[PDB]
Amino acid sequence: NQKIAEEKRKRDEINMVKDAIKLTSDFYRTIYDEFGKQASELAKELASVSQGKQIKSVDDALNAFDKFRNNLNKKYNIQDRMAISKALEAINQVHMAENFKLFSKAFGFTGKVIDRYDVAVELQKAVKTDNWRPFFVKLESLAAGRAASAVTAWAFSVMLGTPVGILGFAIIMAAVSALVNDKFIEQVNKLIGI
């Protein structure tokens, strides 16, 4: 009955890939619907950039993100951040884990994926405070072989888990860009009036 078992294993892996593609297409339609054209286009470009790429060093991600953190704190305040923190608190951890697994698959991540709700809790902490270092450390540790695909998969799972609103979206995308490619952060800035 190993013959039957290999067959079911391959059929399940195939259908998993199928679900991953369906989830990503629904994700881009979602982002388009609540954030707009430019936002879904940003997410698509960044997921393409991250597939087959290596995260930047955490030092560079933070020096990049600090620039973002400083323009952002010129226009938006701590009420604006607390809003995103409560949005994150509404995430369901089960669905976040499943969607994480599927996004990872869709982005070329070949390894095993575990529930990283703790990185989401750190996100809440680092959005209420301005201490992002442990957040970017945990994010890195999430990225096996330094794969950016894991990073943006996790980000997408979090955004899918909850209405972060354009500002939360911008902030998450900006962290991801800091790890994957600092280029996307100027577009991110545009999305909220720099």
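Numbers for residues come from their place in the sequence shown, where the first is 1.
- Taking the mean C-alpha B-factor of each stretch as recorded, 131-139 and 47-55 are not equal, and the higher mean is that of 47-55.
- The PDB entry reports B-factors from which the mean C-alpha value can be compared for 12-20 and 173-181; the larger average falls on 12-20.
- Per-chain ranking of the deposited C-alpha B factor places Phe103 in the middle third.
- Ranked within its chain, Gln124 lands in the lowest third, by CA B factor from the PDB record.
- For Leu42, the recorded CA temperature factor ranks within the highest third of the chain's modelled residues.
- Compared with the other modelled residues of the chain, the Cα B-factor recorded for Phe156 ranks in the lowest third.
- Ranked within its chain, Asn71 lands in the highest third, by CA B factor from the PDB record.
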